[PDB]
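# Architecture at a glance
Listed here are the chains, written in short residue letters.
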Amino acid sequence: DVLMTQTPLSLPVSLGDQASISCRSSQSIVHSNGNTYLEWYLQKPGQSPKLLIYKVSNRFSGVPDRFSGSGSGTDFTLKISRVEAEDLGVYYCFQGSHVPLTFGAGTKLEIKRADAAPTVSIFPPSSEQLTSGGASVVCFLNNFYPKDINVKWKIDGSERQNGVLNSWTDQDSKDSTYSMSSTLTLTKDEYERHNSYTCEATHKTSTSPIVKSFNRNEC
Amino acid sequence: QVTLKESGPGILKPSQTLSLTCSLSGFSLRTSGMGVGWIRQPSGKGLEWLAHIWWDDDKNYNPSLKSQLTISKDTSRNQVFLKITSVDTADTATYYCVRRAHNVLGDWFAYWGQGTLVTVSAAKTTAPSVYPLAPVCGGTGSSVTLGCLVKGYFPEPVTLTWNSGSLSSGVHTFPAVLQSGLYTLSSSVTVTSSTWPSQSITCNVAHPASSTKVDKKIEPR
Ligand SMILES: [Cl-]
């Protein structure tokens, strides 16, 4: 099959700046009829992908002249000048020349904003959950930037990596930040075998964790 | 409007057969050389092309699934059909019907269906258990964050509101995760210290598939 390799996979941009997205195919996508059936699609949260560009360089209905497609053979580029809010979403390249038809992996176009530290909150299991014989320890890391924060759990000083499930919001439309939930699930039995529960959020290239804790010998 | 509409089960078990119908209007699959096909997208994943069928009953298949995939049409009804035999959990995805003609306002996916979510799972229907997330006392500040943990339900979706919808600002509801094969979701809500616990904060959870609706007041520890 023909591999459509898309670069980069994450594209943070400021409004008004230019965005360029590379799509490279593993083989020529020149069809036997001499046309190159290369399209670009844009998908926003909870919607079908929408066509932007077809046959490499033609703009579909409703696409403004700030979008232009170019390239040939195996090297293709989508350029967006003066990015607007309505442009943010996930961009996919695609070749319709050779079966199986294939899409690139997606490039997320997102807004750059100033770095922001998470508001971190830790929550022990509820009495309700404990009487049903479960234990989940929840940590919210809210309204931070950029998306790739790191979260670690400690139990009685020992870092623990098993039974941890994470979930992320999409970029907020109002403040352009990200949020995340991190839930350590334990058996009620192993939960009650330890005292100290720690959630620590380390952004980026830090250095200094924001640490939230509770100790069952006090709760 | 040239439109495409996907229809079919929505929930299936491993080893069973996925069958979907694409109903078309605004164009004819009789037209030379019209074509309609299927593309799928797993949650949080990319797009995978599956198959395409043409006005002349020519058909193209993704070779990675060829023993499982059958595409067909009913020209008299203007319908296209997908069958995937021997499905498993990995076939869980949004399934899109798309138009693609050849030879010259075609050769593009200008026209997409809205998509239909199909879940493949051996799980049984199960109402969520709803747990309150009240802060450690004291921890500690201008803001106080509360939460709600919706645990062990099947299938998607659930809906969650805070205070019946009067709390909309500062709410973060997180996508469900599978802890298998049941879903768990959480939501945080942030208010001023002034607000809570003097006023009551309640989490409203609905699970349509089990016709469950539940509230859970966040009581202080
Ligand atoms: Cl078409």
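Definitions and cut-offs
- Residues numbered from 1 in each chain as written, not as in the entry; some residues may be left out.
- Chains lettered and ligands numbered in written order.
- Heavy atoms only, no water.
- Residues with missing side-chain atoms left out of burial classes, pairs and counts.
- Contact = heavy atoms within 4.5 Å.
- Buried area = accessible area lost by both parts, 1.4 Å probe.
- Salt bridge = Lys/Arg side-chain N within 4 Å of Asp/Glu carboxyl O.
- Polar contact = N/O pair within 3.5 Å; in protein donor to acceptor, adjacent residues only side chain to side chain.
- Helix = DSSP H or I, 4+ residues; strand = E, 2+ residues; numbered from the N terminus.
- Nonpolar A, V, L, I, M, F, W, Y, C, P; charged D, E, K, R; others polar.
- Domains from an automatic or database assignment.

Determination of this PDB entry was carried out by X-ray crystallography to a resolution of 2.000 Å, according to the record.

In this section: the interface of chain A and chain B. Every contact between the two is made by 44 residues of chain A and, on the other side, 45 residues of chain B. It is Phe103, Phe123 and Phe140 of chain A that lose the most area in chain A upon contact with chain B, and together they represent 15% of the buried surface on that side. Across the chain A-chain B interface, the total number found is two salt bridges. The salt bridge partner of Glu128 of chain A is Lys216 of chain B, with a shortest N-O separation of 3.1 Å. Here chain A is connected to chain B by 15 residue pairs in polar contact. Counting residues per element, the ones that place at least two in the side of chain A that touches chain B are strand 4 (38-43), strand 5 (50-54), strand 9 (89-95), strand 12 (119-123), helix 1 (127-131), strand 13 (134-144), strand 16 (164-168) and strand 17 (178-187) of chain A. The element best represented in the side of chain A that touches chain B is strand 13 of chain A, accounting for five residues. Class assignment of the residues belonging to the side of chain A that touches chain B gives a composition of 22 nonpolar, 18 polar and four charged.

Attention now moves to the domain arrangement of chain B. All names here are of chain B. Domain boundaries assigned for chain B yield domain 1 (1-122) and domain 2 (123-220). Of note, the centres of domain 1 and domain 2, computed from C-alpha atoms alone, are 37 Å apart. Contacts between the two partners involve five residues from domain 1, matched on the other side by six residues from domain 2. Contact between domain 1 and domain 2 buries roughly 420 Å² in total, counting both sides, with carbon and sulfur atoms accounting for 58%. Considering only the side of domain 1, the residues that lose the most area to domain 2 are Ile11, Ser121 and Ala122, jointly responsible for 63% of the buried surface there.

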